[PDB]
Every structure is written in C-alpha cells, then in structure tokens.
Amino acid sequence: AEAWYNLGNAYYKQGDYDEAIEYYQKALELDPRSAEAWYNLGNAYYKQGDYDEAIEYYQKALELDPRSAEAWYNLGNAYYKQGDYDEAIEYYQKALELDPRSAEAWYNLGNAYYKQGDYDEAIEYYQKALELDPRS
C-alpha cells in the first residue's frame, strides 16, 4: 500500500486532498493496520475542511497507537476548529501528558482557553510555551 500511500502523500504535499484521500483509502484497503496511514487520511480531510470525517480517522489511528501525541493534538485541533474548545482542551491536555515539552500544544491550549474567556489559564499556558520556545 506503500505505493498507493506514497502516491497519496505526493498529492497531499501538492495540495490535492481530494486525490490524497482516494489513494490513502486504496492503500488502507490493501493494508488497514498503519496508524500513520489513518492519521494522514484524517489530515487530508482536516485540510479539506471536513473535521467530522477527520475525527473518525484520527480516532482509528489513536486505537492502533494511543501514545501518539500528534494524533491527540490533531484531534484536539479538529475540535478546536469546530468550536468544541472543551473537548479539544481535553484532547490537548492528553497530548501534553505525552509530550510536555511541545511549545505548540501549550500555546494551543492557551488559545483554547483564551477563546472561552479563561484569561488566567491562557496567560499561564502562554507563559509556559514561551519558556520552551522564547520567540515566536
């Protein structure tokens, strides 16, 4: 599926999510056991704007690899981008338990709180993040 999977990646990298999806799917038909493949198919939908179908695939990937921060963080983002700042905060927190030195997750967590009106948390998390990455 590595071939279909790779053809998927090329289209994805070119910016053609519709096609990336089709090929990731073909490759999952031939080999449905890669957390990576499921993750990227979810990413393709994410970029395409379908956060619903995206969560479905980030979820399948999480089963195969529950310790993958990327998928937990990307799952939060899917929610964040849909307004579920609460469910995204949860998933964002999960990603940090896994990778607590990711300035991005801390930053995004502050963002999720900020958007809900929780400024003291946003402040705390924004500070944690800037510590790790001093100058975005």
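Numbering starts at 1 and follows the sequence shown.
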#### Entry: Mean Cα B-factor comparison, 21-29 or 8-16, giving the higher one as deposited
21-29
### Task
Consider only the C-alpha atoms of the modelled residues in this chain, order them by B-factor as the entry records it, and name the third containing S68: lowest, middle or highest.
highest
### Task
Give the position of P100 by CA B-factor within its chain, expressed as the lowest, middle or highest third.
highest
#### Entry: Relative C-alpha B-factor of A78, binned into the chain's lowest, middle or highest third
middle
## Note on the structure
Of the three thirds of Cα B-factor ranks in this chain, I89 occupies the middle
## Note on the structure
Tertile call for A35 (CA temperature factor, within chain, third-based) is the highest
